[PDB]
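Let me begin by presenting the structure, written as structure tokens, before commenting on it.
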Protein chains: 2
Amino acid sequence: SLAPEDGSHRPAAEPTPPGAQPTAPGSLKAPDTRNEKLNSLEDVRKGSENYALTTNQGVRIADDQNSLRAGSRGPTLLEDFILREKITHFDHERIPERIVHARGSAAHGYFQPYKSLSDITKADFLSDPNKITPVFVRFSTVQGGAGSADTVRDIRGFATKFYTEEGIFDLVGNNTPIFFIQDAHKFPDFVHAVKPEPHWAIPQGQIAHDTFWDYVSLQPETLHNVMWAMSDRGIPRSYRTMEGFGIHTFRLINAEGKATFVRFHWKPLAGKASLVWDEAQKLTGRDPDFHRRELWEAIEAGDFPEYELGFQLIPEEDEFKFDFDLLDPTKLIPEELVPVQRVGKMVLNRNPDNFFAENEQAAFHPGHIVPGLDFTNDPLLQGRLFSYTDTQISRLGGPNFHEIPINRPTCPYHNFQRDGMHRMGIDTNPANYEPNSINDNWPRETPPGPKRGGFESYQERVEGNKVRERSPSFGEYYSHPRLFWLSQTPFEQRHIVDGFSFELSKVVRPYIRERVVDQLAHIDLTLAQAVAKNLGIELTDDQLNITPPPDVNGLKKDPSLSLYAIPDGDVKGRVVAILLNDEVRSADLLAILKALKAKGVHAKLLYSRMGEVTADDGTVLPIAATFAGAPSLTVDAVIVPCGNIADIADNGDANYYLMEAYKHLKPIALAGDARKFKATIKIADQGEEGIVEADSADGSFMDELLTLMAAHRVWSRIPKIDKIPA
Amino acid sequence: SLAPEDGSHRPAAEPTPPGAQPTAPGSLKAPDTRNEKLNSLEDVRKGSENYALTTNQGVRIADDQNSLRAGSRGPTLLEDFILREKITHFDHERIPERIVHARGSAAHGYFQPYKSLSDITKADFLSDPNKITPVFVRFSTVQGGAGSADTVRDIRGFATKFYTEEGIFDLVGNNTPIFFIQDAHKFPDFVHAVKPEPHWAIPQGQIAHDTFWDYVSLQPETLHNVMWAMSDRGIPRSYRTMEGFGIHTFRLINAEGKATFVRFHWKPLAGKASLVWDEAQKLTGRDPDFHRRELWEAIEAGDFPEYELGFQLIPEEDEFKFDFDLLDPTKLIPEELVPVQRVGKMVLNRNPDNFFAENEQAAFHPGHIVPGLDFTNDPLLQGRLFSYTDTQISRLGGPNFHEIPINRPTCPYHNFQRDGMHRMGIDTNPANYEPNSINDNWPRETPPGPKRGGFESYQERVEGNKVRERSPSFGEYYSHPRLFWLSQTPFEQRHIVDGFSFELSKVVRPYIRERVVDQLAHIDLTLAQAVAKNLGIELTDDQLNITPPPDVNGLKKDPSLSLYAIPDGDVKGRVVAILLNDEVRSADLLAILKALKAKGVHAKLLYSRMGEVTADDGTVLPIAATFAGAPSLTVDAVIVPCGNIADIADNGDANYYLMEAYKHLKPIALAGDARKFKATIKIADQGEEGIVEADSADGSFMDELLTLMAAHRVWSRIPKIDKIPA
Ligand code: HDD
Ligand code: HDD
């Protein structure tokens, strides 16, 4: 027996705060978290305790420490089948990663509607609020490989598999409401431009390179999503704190056959929140698994990721009522024009057991719809429909990828398809064709109807010639970028300017930077000038005189496009660093932890070494990590209690912790003699907004700190951080 | 025409220093560089200038901007074969990454021996000092994915394909002289332990997690390579500044049939140099492609990576003369006991054209040997021989992987093997078997002989029973980790302590930390207490009294094991950051650059924005990057010339630049008023060793700076760094 006597090798099977227990496979951490899909996986889950070690053929291994050899210093024998099976399996572990969105993190959960939507769709999963649909959701970046970093500047994916009673519906979205391009035929061009460049395969997880900006500068249709990626949208705090969007106009179809245009949304109940650029970039070095970790740990803690499904609904007669085309996936529908109807709630409440078998092998595809939903002619969506079934053939080894457990429907599935590599289902049907008499034509077609009917496409009228031609209605590129720009707060605008300036600094060919500046001058002169100033470019007279694009349907902003304009802060599941000393004022600690607990905010106790310290009343305080070990990048706020401050007052790492947190606009709270640290961050004696200070950690000190955390970051601090060398 | 009129889109086809031009495919950058393998790839190289865009069937494409639809706002049509071919190719771009060493960077080059080695081996590539052998070399980390970061703490791979006249020889080594484990049968256990943990697939590119340290604690054979990995060996400065080793004892076979035991070495002619941990970790965030970039840029600059092949040679009759087993890959052969004999020089002088086609698809395998070499019974080598042919069947799609252009021999190859997926060669032989009469038995077997003979294995005596047993000669785990530790300078020892301490802090289950501390107590008590202390662990009385292991054949140390004990610095190809201000003293800059140029040291001119600044005498200075854009992490030294210092003196970034660089022990040089920056790094008025300072930049300011650079880092600065919040 190798486990510790005291059993401290095994995490408790109860929710616990981040860092309190080793993390574990989800069915071991949370065995009584169930849904129909998790239960259906029980046939393939395999345990391990008390079982003998075997070959894959079931033969018990006696010595798993040695190869078979002629003499104990002799050559290895070919007849060692135990070694060759174990090394063969190892040699073949890897499968191709996804072409795009290869980096991603996934969890199980469930969805439930708020009310029956049968007046507008016959989709069975939306028919009744007591209908519970298991989901599996994978969040992702786009560009980097599966071993790339999480907190890159990039678009994020947000893909949800709904295991419905009438089929799998995959809603395969991103975290911004448009895409970079108009027509699928250009996706390999755009993707190749953003991906590592082909001679030397650099850079990983980064859009800051010549070929990306070359393509943007030549394809103004990109500028709208490029605005989003240059904003703090591009660097979320957490997959729990970003929006999701289907991007395309789709159709809902009701029992009458009436079609409503719809765009899908997910609204994070934890609110919207992003990092700042310096913090995100540094975080790819300090913890490239930050988002994957924090999703896994939120679920372990019971901070379940929750999102509200929302529909923007446009009647069919309203197709041409806006000044942009509804089928143009570079255009958003402003919520001022078409509000988001709140339709249901999805809760992610269980991590997988095995990352490869459930996350790596999951296959999502937007063409996986169900009766009650239909497509539109959006020419980006149209070509997606081809790609996602094609790519699975090499990625997952063949056409039976729906038999891989995570991908199986939980409803019935029967048809006449047979064979293919690694076929699991053994068909007993005498017939493998229809029409057939020999099995009385089973399984049989089903006419469409209100419930449990076969799929029939909405009979849209198609009229035109066979052409490879972009719709003239798609040829407008600047008014949405502009609407986005003007809807941002002044600090969100500064961060956009900064993002463009940093990015274009990394473009080696200066003409490309200039051509991008030319584009920005078509969006907004203030933006173009501020980026230009940073690049050492001077606008021409011409550029200074480009007329701004028009408003969008009379809108000159929509605050729903900002992360922060309308407060939606939720502090539950956020995390605070508490910097310890070798004689902490216990009274400050009790007060801090109590107040954090009451709001569901977690804490991590930090020191100059691991082990424990002892507080003034003798309370033994276990240390979670060192200052350098768990940097301020990893928390939302920093609290420093009183006690023996001289212990840490000269510690470079302790000072730097506060300097880093301060630069990145995080709330900082200082009690008693911790206020000696005001000098490292240059705080005036009478204080400043966003630094909480008092004689001790009373009720008012904690309320102030938590009010700051609800506002996420201290934007007012921004002009002060230029001075700080950190 | 989209290219700019002035041709600034095209990099100069001539050697240029890093940053001076955009990087390019190697046959375009350096068309005049050639060797036999590069010439033989010419039949598959494809150009692009002046050619029409086509399908892969050779059909010219008219409109590559749109799908074929019925009306310009209509549905996409299934008859659009141009869309479907382009999207199909895109959808199937990826192949499985390598199971291990997935992250790697490769170049073309050549090898030449200094003299004929025919007295000791009949290997043709070693037979003639005029025989030049093309090579292809791939350097790699071990744990992370292909999209993981370069400057991780990990082992590095160093694999060389020699395209000889008698076959492909692959020398597939690492940058440490031993491996973690003794028998191949344990490779999947060890690799699963170091790899991201299977529930959540964390952490990437990192050995700092529970399962790695659990395995190490339970498998003391691992401690030797773990010592190496915890030292600064784990974080090389560049692939150009690390050692290479074959690890295993192999054999040389001469024309007489005499076997000589051999271990292979590569000596970096640019010397040995490593980062420090904080630098390396932060650099995975600031530039996760730093080593790939540095290798490609050195080659583009003509700073060709050079290495000297060396052999440790042991006569057959000395097999048992040492305290350790020569077949035990966890033991090193100290150079003090068996010197490295110089064999030849390898020069890497051309980057690939396409990273995927040449790098990602290269297949190296240590079983690819040639007459004049042979194996031994090292039971880790023995199992490697099975793995590398096996894994290629899935990674590269089948048994014809040697027909992928990069893998092809340049020498003849003919046999009776046929078919298989993506078969290129079209065999005209009437026979596909031997013996045959119908083609007069061609191609024919060839007897062994002194040159151009058939391969015959050396007839080593095998005697013993068929067992799965470890040789008892392998069961000693501590004496080599001890020799390594004692061979390290006091600063290298401190960095080892800090490596174990930081790693064990990331282990969640405290008992694992305690178990590893106990192992360290068996190696060296000082090492073990210094780690314990950092972990808040107290050694027991028993642990305090463990007798240390014996020295190795009378050796108390071997300085060849240290990176820095014996200086072997080389400044050629290193890089200096030059921090500019808005009115630089031009005579400072002229003197700085002239001195840098004479030693082949590169520069980058940094400022607070992109564009230009103008010097005191009116010289226009082009800026390469901003302070924040090209951090001190990426350079070897920082020099600040005089001028308008007030311009940058309260710049947070410019100050932090000197602080980061100071912390990481880099030479810093300050001229005239730039001396004001002494206050930011707390240098006394009279200065300190490792900060160069003067009224101006002469003669002798640059000789002192360049002398510091030859010594790589300022180790004596270490006790001073803790003071500074950076
Ligand atoms: C026709 C090509 C094509 C186009 C135009 C798009 N995609 Fe895509 N996308 C793929 C081809 C593709 C793919 C190659 O099929 C992937 C990678 C591997 C896979 O299973 O599907 C994929 C992956 C992928 C994933 C990862 C799913 C997962 O986590 O497993 C998401 C969220 C998206 N896509 C979302 C979108 C959105 C919102 C788009 C535009 C509105 C979009 N993609 C355009
Ligand atoms: C029994 C399995 C096994 C064992 C014991 C080892 N390896 Fe290995 N190694 C592989 C199985 C493997 C592999 C699975 O076959 C790889 C991955 C994919 C491939 O083509 O080869 C590989 C890749 C690989 C690469 C990258 C080659 C490239 O650039 O493509 C290097 C440098 C090494 N190995 C070096 C070593 C050294 C120096 C070892 C110990 C002395 C060693 N490996 C033990």
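Labels used: A, B, ... for chains in the order of the structure tokens, numbers from 1 for residues in each chain, and numbers from 1 for ligands as shown.
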Rows by chain and residue number, chain B within 8 Å of ligand 1, shortest pair, only C-alpha atoms and all ligand atoms, as CSV:
residue,atom,partner,partner_atom_place_in_ligand_line,distance
B:87,CA,ligand 1,1 (C),6.2
B:90,CA,ligand 1,14 (C),7.5
B:91,CA,ligand 1,14 (C),5.2
Okay, now the selection with C-alpha atoms, as a PDB file, in the first residue's frame?
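Okay, part_0.pdb is ready:
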ATOM      1  CA  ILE B  87     -12.632  23.492 -47.568  1.00  0.00           C
ATOM      2  CA  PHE B  90      -8.457  22.828 -44.943  1.00  0.00           C
ATOM      3  CA  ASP B  91     -10.661  20.463 -42.891  1.00  0.00           C
TER       4      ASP B  91
END
For residue 723 (chain B), work out the shell of residues within 9 Å, counting only C-alpha atoms and skipping chain neighbours fewer than 2 positions away, then give it as a compact mmCIF listing (two decimals) with C-alpha atoms, in the first residue's frame.
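out-v6.txt, written as the output of this step:
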# COMPACT_ATOMS: atom_id res chain seq x y z
CA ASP A 650 11.25 44.66 2.85
CA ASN A 651 10.26 41.56 0.88
CA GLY A 652 10.73 42.39 -2.88
CA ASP A 653 8.10 39.81 -3.88
CA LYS B 682 19.61 50.96 -5.91
CA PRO B 719 22.17 38.30 -2.87
CA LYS B 720 21.25 41.85 -3.94
CA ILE B 721 18.22 40.91 -6.07
CA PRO B 725 10.33 44.76 -6.16
Length of the CA of residue 659 (chain B) to CA of residue 638 (chain A) vector [Å]: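 So the two atoms, CA of residue 659 (chain B) and CA of residue 638 (chain A), lie 23.1 Å apart.
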Please, which residues in chain A fall within 12 Å of ligand 2 when counting only C-alpha atoms and all ligand atoms, and what is the closest atom pair and distance in Å to one decimal for each, ordered by chain then residue number, as a tab-separated table?
residue	atom	partner	partner_atom_place_in_ligand_line	distance
A:67	CA	ligand 2	1 (C)	10.8
A:76	CA	ligand 2	1 (C)	11.9
A:83	CA	ligand 2	1 (C)	9.2
A:84	CA	ligand 2	1 (C)	9.2
A:85	CA	ligand 2	1 (C)	11.3
A:86	CA	ligand 2	1 (C)	9.4
A:87	CA	ligand 2	1 (C)	6.1
A:88	CA	ligand 2	1 (C)	9.0
A:89	CA	ligand 2	14 (C)	10.4
A:90	CA	ligand 2	14 (C)	7.6
A:91	CA	ligand 2	14 (C)	5.2
A:92	CA	ligand 2	14 (C)	8.3
A:93	CA	ligand 2	14 (C)	9.6
A:94	CA	ligand 2	18 (C)	9.8
Between B:689, B:165, B:538, B:353, which has the minimum distance to residue 713 (chain B) (counting only C-alpha atoms)?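 Counting only C-alpha atoms, the residue closest to residue 713 (chain B) is B:689.
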Would you return as a PyMOL selection string the members of region 67-255 of chain A that DSSP assigns to strand (DSSP E) on this structure's backbone? chain A and resi 69-70+104-113+133-140+157-164+167-174+244-245+250-253
Excluding region 391-395 of chain B and residues on its chain fewer than 3 positions from it, collect all residues at most 12 Å away from it, counting only C-alpha atoms, and give them as number ranges by chain. A: 84, 87-96, 394, 397; B: 94-100, 102, 360-365, 384-388, 398-402, 404, 407, 420-422
Mind checking which residues fall within 9 Å of region 614-628 of chain B, counting only C-alpha atoms, ignoring those fewer than 2 positions away in the same chain, and posting them as a PyMOL selection string? (chain A and resi 278+502+505-506) or (chain B and resi 19-20+579-587+604-612+630-632+643+653-654+656-657)
Grab the residues selected above and save them as a compact mmCIF listing (two decimals), in the first residue's frame with N, CA and C atoms.
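Written file, part.txt:
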# COMPACT_ATOMS: atom_id res chain seq x y z
N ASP A 278 -1.63 43.72 -20.30
CA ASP A 278 -0.38 43.33 -19.65
C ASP A 278 -0.60 42.09 -18.77
N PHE A 502 -0.21 48.25 -29.82
CA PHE A 502 0.69 47.12 -29.50
C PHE A 502 0.78 46.15 -30.68
N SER A 505 2.58 47.40 -33.73
CA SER A 505 4.03 47.51 -33.43
C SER A 505 4.80 46.27 -33.76
N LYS A 506 4.09 45.12 -33.77
CA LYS A 506 4.68 43.77 -33.96
C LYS A 506 4.63 43.43 -35.44
N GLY B 19 15.49 41.08 -36.67
CA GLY B 19 14.68 42.32 -36.69
C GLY B 19 14.82 43.22 -37.91
N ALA B 20 15.86 43.01 -38.69
CA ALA B 20 16.19 43.92 -39.77
C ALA B 20 15.24 43.68 -40.95
N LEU B 579 18.16 51.44 -24.83
CA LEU B 579 17.05 52.30 -24.47
C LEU B 579 17.29 53.78 -24.88
N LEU B 580 16.55 54.24 -25.91
CA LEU B 580 16.67 55.59 -26.53
C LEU B 580 15.84 56.58 -25.79
N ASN B 581 16.14 57.86 -26.03
CA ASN B 581 15.34 58.96 -25.52
C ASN B 581 15.19 59.91 -26.69
N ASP B 582 14.44 61.00 -26.53
CA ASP B 582 14.09 61.88 -27.69
C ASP B 582 15.24 62.76 -28.23
N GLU B 583 16.33 62.84 -27.47
CA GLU B 583 17.50 63.47 -28.05
C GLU B 583 18.79 62.77 -27.64
N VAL B 584 18.99 61.53 -28.13
CA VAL B 584 20.21 60.74 -27.88
C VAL B 584 21.55 61.42 -28.19
N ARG B 585 22.53 61.21 -27.32
CA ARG B 585 23.87 61.70 -27.59
C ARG B 585 24.45 60.79 -28.65
N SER B 586 24.52 61.25 -29.89
CA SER B 586 24.98 60.40 -31.00
C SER B 586 26.35 59.75 -30.87
N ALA B 587 27.31 60.40 -30.23
CA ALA B 587 28.65 59.82 -30.07
C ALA B 587 28.68 58.60 -29.17
N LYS B 604 18.91 46.12 -30.32
CA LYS B 604 17.61 46.63 -30.70
C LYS B 604 17.33 47.94 -30.00
N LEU B 605 16.84 48.87 -30.79
CA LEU B 605 16.73 50.25 -30.38
C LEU B 605 15.28 50.37 -29.91
N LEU B 606 15.10 50.59 -28.60
CA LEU B 606 13.78 50.63 -28.02
C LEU B 606 13.37 52.04 -27.58
N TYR B 607 12.09 52.33 -27.64
CA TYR B 607 11.61 53.63 -27.15
C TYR B 607 10.18 53.50 -26.62
N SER B 608 9.47 54.60 -26.44
CA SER B 608 8.18 54.53 -25.75
C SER B 608 7.03 54.41 -26.78
N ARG B 609 7.40 54.58 -28.05
CA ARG B 609 6.46 54.46 -29.16
C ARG B 609 7.21 53.97 -30.36
N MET B 610 6.49 53.60 -31.41
CA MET B 610 7.17 53.21 -32.62
C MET B 610 7.51 54.46 -33.43
N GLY B 611 8.18 54.28 -34.56
CA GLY B 611 8.55 55.40 -35.42
C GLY B 611 10.03 55.69 -35.38
N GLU B 612 10.37 56.96 -35.13
CA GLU B 612 11.78 57.41 -35.14
C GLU B 612 11.99 58.42 -34.05
N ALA B 630 9.29 44.79 -26.40
CA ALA B 630 10.45 43.88 -26.50
C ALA B 630 11.18 43.87 -25.16
N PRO B 631 10.63 43.11 -24.17
CA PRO B 631 11.05 43.16 -22.75
C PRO B 631 12.47 42.71 -22.56
N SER B 632 13.06 43.01 -21.39
CA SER B 632 14.50 42.67 -21.18
C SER B 632 14.71 41.15 -21.18
N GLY B 643 21.80 61.79 -23.37
CA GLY B 643 20.94 62.63 -24.19
C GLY B 643 19.93 63.25 -23.28
N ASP B 653 7.77 52.04 -17.62
CA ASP B 653 8.29 50.94 -18.45
C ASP B 653 9.81 50.95 -18.63
N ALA B 654 10.37 52.12 -18.89
CA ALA B 654 11.80 52.21 -19.03
C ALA B 654 12.55 51.86 -17.73
N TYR B 656 11.18 49.92 -15.33
CA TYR B 656 10.96 48.53 -15.06
C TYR B 656 11.86 47.67 -15.94
N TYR B 657 12.13 48.13 -17.16
CA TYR B 657 13.10 47.47 -18.04
C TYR B 657 14.44 47.18 -17.34
So which bits of region 450-482 of chain B end up helix (DSSP H, G or I) when you DSSP the backbone, as a PyMOL selection string? chain B and resi 472-474+479-482
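Interatomic distance, CA of residue 380 (chain B) to CA of residue 468 (chain B): 13.5 Å.
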Close residues, residue 667 (chain A) itself excluded, 12 Å, only C-alpha atoms, min 4 positions apart in chain, as a PyMOL selection string: chain A and resi 575-577+632+635-640+658-663+688-693+702+704-717
Take the residues from that selection and put them in a file with N, CA, C and O atoms, as a short mmCIF file (atom, residue, chain, number, x, y, z; two decimals), in the first residue's frame.
data_model
loop_
_atom_site.label_atom_id
_atom_site.label_comp_id
_atom_site.auth_asym_id
_atom_site.auth_seq_id
_atom_site.Cartn_x
_atom_site.Cartn_y
_atom_site.Cartn_z
N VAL A 575 -11.79 35.67 -6.29
CA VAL A 575 -10.74 35.22 -5.40
C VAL A 575 -9.86 36.41 -5.01
O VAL A 575 -9.51 37.26 -5.84
N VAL A 576 -9.48 36.40 -3.73
CA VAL A 576 -8.63 37.43 -3.12
C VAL A 576 -7.33 36.82 -2.61
O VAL A 576 -7.33 35.76 -1.96
N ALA A 577 -6.20 37.47 -2.88
CA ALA A 577 -4.95 37.08 -2.16
C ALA A 577 -4.89 37.81 -0.84
O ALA A 577 -5.18 38.99 -0.81
N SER A 632 -0.26 38.05 -8.34
CA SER A 632 -1.49 38.83 -8.35
C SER A 632 -2.34 38.64 -9.63
O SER A 632 -3.58 38.79 -9.59
N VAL A 635 -5.49 36.64 -9.09
CA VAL A 635 -6.61 37.03 -8.16
C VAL A 635 -7.35 38.25 -8.60
O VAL A 635 -6.89 38.96 -9.50
N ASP A 636 -8.45 38.57 -7.93
CA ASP A 636 -9.29 39.73 -8.26
C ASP A 636 -9.02 40.96 -7.35
O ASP A 636 -9.35 42.09 -7.73
N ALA A 637 -8.37 40.73 -6.21
CA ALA A 637 -8.11 41.76 -5.18
C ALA A 637 -7.06 41.20 -4.23
O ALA A 637 -6.79 39.99 -4.20
N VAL A 638 -6.43 42.11 -3.49
CA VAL A 638 -5.38 41.79 -2.54
C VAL A 638 -5.73 42.52 -1.25
O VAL A 638 -6.00 43.73 -1.26
N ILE A 639 -5.79 41.73 -0.18
CA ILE A 639 -5.94 42.23 1.17
C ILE A 639 -4.67 41.95 1.99
O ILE A 639 -4.13 40.85 1.95
N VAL A 640 -4.22 42.94 2.79
CA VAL A 640 -3.05 42.75 3.67
C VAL A 640 -3.52 43.08 5.08
O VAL A 640 -3.80 44.26 5.36
N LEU A 658 1.84 43.81 -4.71
CA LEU A 658 0.98 44.96 -4.61
C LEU A 658 1.14 45.93 -5.83
O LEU A 658 0.14 46.50 -6.34
N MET A 659 2.38 46.11 -6.28
CA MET A 659 2.66 46.88 -7.53
C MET A 659 2.01 46.31 -8.81
O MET A 659 1.37 47.04 -9.60
N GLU A 660 2.13 45.00 -8.97
CA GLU A 660 1.45 44.32 -10.06
C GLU A 660 -0.11 44.43 -10.00
O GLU A 660 -0.72 44.84 -10.99
N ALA A 661 -0.72 44.13 -8.83
CA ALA A 661 -2.16 44.26 -8.61
C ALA A 661 -2.61 45.72 -8.89
O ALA A 661 -3.66 45.97 -9.52
N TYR A 662 -1.81 46.68 -8.43
CA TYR A 662 -2.13 48.09 -8.58
C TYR A 662 -2.13 48.48 -10.04
O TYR A 662 -3.16 49.04 -10.51
N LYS A 663 -1.02 48.18 -10.76
CA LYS A 663 -0.91 48.41 -12.23
C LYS A 663 -2.15 47.85 -12.99
O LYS A 663 -2.70 48.50 -13.88
N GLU A 688 -6.77 57.19 -1.63
CA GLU A 688 -7.24 57.35 -3.04
C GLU A 688 -8.37 56.33 -3.31
O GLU A 688 -8.42 55.27 -2.67
N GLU A 689 -9.31 56.71 -4.18
CA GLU A 689 -10.39 55.81 -4.61
C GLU A 689 -9.84 54.45 -5.13
O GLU A 689 -9.06 54.44 -6.06
N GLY A 690 -10.25 53.32 -4.54
CA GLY A 690 -9.73 52.00 -4.95
C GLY A 690 -8.64 51.43 -4.05
O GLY A 690 -8.21 50.27 -4.22
N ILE A 691 -8.17 52.22 -3.08
CA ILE A 691 -7.37 51.68 -1.96
C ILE A 691 -8.20 51.76 -0.69
O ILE A 691 -8.67 52.82 -0.32
N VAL A 692 -8.45 50.60 -0.07
CA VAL A 692 -9.23 50.57 1.14
C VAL A 692 -8.26 50.52 2.31
O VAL A 692 -7.35 49.68 2.36
N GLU A 693 -8.42 51.46 3.25
CA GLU A 693 -7.50 51.49 4.38
C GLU A 693 -8.31 51.88 5.61
O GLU A 693 -9.27 52.63 5.51
N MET A 702 -14.51 45.83 5.14
CA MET A 702 -14.86 44.76 4.19
C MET A 702 -15.94 45.13 3.15
O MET A 702 -15.80 44.82 1.96
N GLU A 704 -16.48 47.99 1.84
CA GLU A 704 -15.87 48.91 0.87
C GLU A 704 -15.13 48.05 -0.16
O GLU A 704 -15.34 48.19 -1.39
N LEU A 705 -14.29 47.15 0.35
CA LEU A 705 -13.52 46.20 -0.51
C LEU A 705 -14.41 45.41 -1.48
O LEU A 705 -14.13 45.39 -2.71
N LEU A 706 -15.45 44.78 -0.94
CA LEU A 706 -16.44 44.03 -1.73
C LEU A 706 -17.26 44.91 -2.71
O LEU A 706 -17.59 44.47 -3.82
N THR A 707 -17.59 46.15 -2.33
CA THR A 707 -18.16 47.10 -3.32
C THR A 707 -17.17 47.35 -4.48
O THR A 707 -17.57 47.34 -5.68
N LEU A 708 -15.89 47.54 -4.16
CA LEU A 708 -14.94 47.65 -5.28
C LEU A 708 -14.92 46.39 -6.17
O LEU A 708 -14.79 46.49 -7.41
N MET A 709 -15.05 45.22 -5.55
CA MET A 709 -14.85 43.96 -6.31
C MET A 709 -16.04 43.82 -7.22
O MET A 709 -15.91 43.23 -8.27
N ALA A 710 -17.20 44.37 -6.81
CA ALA A 710 -18.45 44.25 -7.64
C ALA A 710 -18.29 45.10 -8.89
O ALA A 710 -18.94 44.81 -9.91
N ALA A 711 -17.40 46.11 -8.83
CA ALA A 711 -17.09 46.95 -9.98
C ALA A 711 -15.87 46.44 -10.75
O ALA A 711 -15.45 47.06 -11.74
N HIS A 712 -15.36 45.29 -10.31
CA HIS A 712 -14.33 44.51 -11.05
C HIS A 712 -12.96 45.12 -10.99
O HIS A 712 -12.03 44.52 -10.39
N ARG A 713 -12.78 46.29 -11.64
CA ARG A 713 -11.50 47.00 -11.63
C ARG A 713 -11.70 48.52 -11.36
O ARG A 713 -12.82 49.11 -11.51
N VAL A 714 -10.61 49.16 -10.98
CA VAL A 714 -10.65 50.57 -10.62
C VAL A 714 -10.18 51.42 -11.79
O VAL A 714 -9.02 51.86 -11.88
N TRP A 715 -11.08 51.68 -12.71
CA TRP A 715 -10.69 52.29 -13.97
C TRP A 715 -10.11 53.67 -13.72
O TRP A 715 -9.28 54.14 -14.48
N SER A 716 -10.57 54.32 -12.65
CA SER A 716 -10.14 55.70 -12.39
C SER A 716 -8.65 55.77 -12.16
O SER A 716 -8.07 56.85 -12.25
N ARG A 717 -8.05 54.62 -11.87
CA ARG A 717 -6.63 54.54 -11.54
C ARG A 717 -5.71 54.64 -12.74
O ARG A 717 -4.47 54.89 -12.61
#
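Residue nearest residue 310 (chain B), chosen from B:345, B:46, B:192, B:103 and counting only C-alpha atoms: B:345.
The interatomic distance for the pair CA of residue 504 (chain A) and CA of residue 17 (chain B) works out to 21.1 Å.
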Identify which of the residues B:257, B:629, B:339, B:129 lies closest to residue 287 (chain B), counting only C-alpha atoms when measuring atom-to-atom distances.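 Going through B:257, B:629, B:339, B:129 one by one, the smallest distance to residue 287 (chain B) is for B:629.
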Return the single residue from B:77, B:338, B:135, B:563 that is closest to chain A, with distances computed using only C-alpha atoms.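 Selected residue with least distance to chain A: B:77.
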Residue 245 (chain B) environment, 8 Å, only C-alpha atoms, sequence neighbours closer than 6 positions dropped, as a list in words: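 Close residues of residue 245 (chain B): residues 158, 173, 174, 175, 176, 177, 263, 264, 265 and 266 of chain B.
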I want to know what sits within 12 Å of residue 39 (chain B), based on only C-alpha atoms, with residues of the same chain fewer than 2 positions away left out; could you give that as a short mmCIF file (atom, residue, chain, number, x, y, z; two decimals) with C-alpha atoms, in the first residue's frame?
data_model
loop_
_atom_site.label_atom_id
_atom_site.label_comp_id
_atom_site.auth_asym_id
_atom_site.auth_seq_id
_atom_site.Cartn_x
_atom_site.Cartn_y
_atom_site.Cartn_z
CA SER B 27 15.30 28.74 -50.16
CA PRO B 31 19.05 30.66 -52.32
CA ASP B 32 22.79 30.26 -52.60
CA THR B 33 23.12 27.81 -49.64
CA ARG B 34 23.09 24.19 -50.82
CA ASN B 35 23.80 20.64 -49.87
CA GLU B 36 22.97 17.20 -51.27
CA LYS B 37 19.70 16.81 -49.36
CA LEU B 41 14.19 18.25 -52.41
CA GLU B 42 14.08 20.46 -55.51
CA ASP B 43 11.65 18.10 -57.34
CA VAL B 44 8.98 18.74 -54.74
CA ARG B 45 9.51 22.44 -54.11
CA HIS B 108 19.15 21.98 -42.43
CA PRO B 134 23.83 16.68 -45.03
CA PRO B 405 10.42 14.18 -48.98
CA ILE B 406 12.24 15.27 -45.80
CA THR B 410 19.76 10.54 -50.61
#
